Ligand SMILES: Cc1cn([C@H]2C[C@H](OP(=O)(O)O)[C@@H](COP(=O)(O)O)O2)c(=O)[nH]c1=O
Ligand SMILES: [Ca+2]
């Protein structure tokens, strides 16, 4: 895969944010994970939703560097959102959330699953430590 610089525009929730990419603002959705809902009335404000939002927000706002890393399949979803692994100062936000028990590994659609095993391994650790979503 290949990392590319991006610039934080606005953090939306635990797994969605707006970034300035290649000169254009665009909204991104983290690959292979799912943080709890805080918007959509169908899901309502799910537990740990606000926690995941705060974790992500903090991590991306205090970063000196943000990088996007597309996987090997499609780069956008049906809503026009960019699909990527996002790094804040070299740390993958996707993994950071899973490791804390603030997200579950989800929407694993190949071939966009290069980091699936790494992420699951962290989810297992968060799980055995009964962290947040797993408590
Ligand atoms: C992470 C991800 C989300 N999605 C879709 C699945 C869900 O569609 P539906 O809206 O049809 O359920 C939605 C989940 O994202 P949210 O967690 O932002 O809802 O985005 C993908 O198609 N590919 C992906 O890789
Ligand atoms: Ca979410």
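So basically every Cβ, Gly included, is an ideal-geometry build from the backbone, and we count neighbours across all protein chains shown. Values in this text are rule-based calculations from the coordinates and carry no lab data.
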Open item on the list: Can you tell me which residue is surrounded by the fewest Cβ atoms within 10 Å (Cβ to Cβ) among those in the range 5-27 that are within 12 Å of ligand 2 (Cβ to nearest atom) and part of a strand (DSSP E or B)?
Closed with: 16
Task: Unmet criterion (only one of (1) without any contact (Cβ under 8 Å) to a residue 12 or more places away in the chain; (2) touching a helix residue (DSSP H, G or I) at 6+ places or on another chain (Cβ under 7 Å)) for residue 18 - done: (2)
Task: Count of the range 110-130 residues which are part of a helix (DSSP H, G or I) and in contact (Cβ under 8 Å) with a residue 24 or more places away in the chain - done: 7
Open item on the list: Taking the conditions exactly as written (within 12 Å of ligand 2 (Cβ to nearest atom), more than 13 Å from the chain's Cα centre (by Cα) and exposed (fewer than 12 other Cβ atoms within 10 Å of the Cβ)), does residue 43 satisfy them or not?
Closed with: yes
TODO: State which residue is surrounded by the fewest Cβ atoms within 10 Å (Cβ to Cβ) when the search covers only the range 60-109 and only residues that are assigned to a helix (DSSP H, G or I) and in contact with a strand residue (DSSP E or B) (Cβ under 7 Å, 6 or more places away or on another chain).
DONE: 61
Open item on the list: Need the failing condition index for residue 36 against (1) surrounded by 19 or more Cβ atoms within 10 Å (Cβ to Cβ); (2) part of a loop (DSSP other than H, G, I, E, B); (3) more than 12 Å from ligand 2 (Cβ to nearest atom), just the number.
Closed with: (3)
TODO: Please work out which residue is farthest from residue 88 (Cα to Cα), limiting yourself to the range 49-59 and to residues that are away from ligand 1 (no atom under 12 Å from the Cβ) and surrounded by fewer than 20 Cβ atoms within 10 Å (Cβ to Cβ).
DONE: 50
- [ ] Among residues belonging to the range 115-125 that are surrounded by fewer than 17 Cβ atoms within 10 Å (Cβ to Cβ) and under 20 Å from residue 68 (Cα atoms), point out the one that is farthest from ligand 2 (Cβ to nearest atom).
- [x] 117
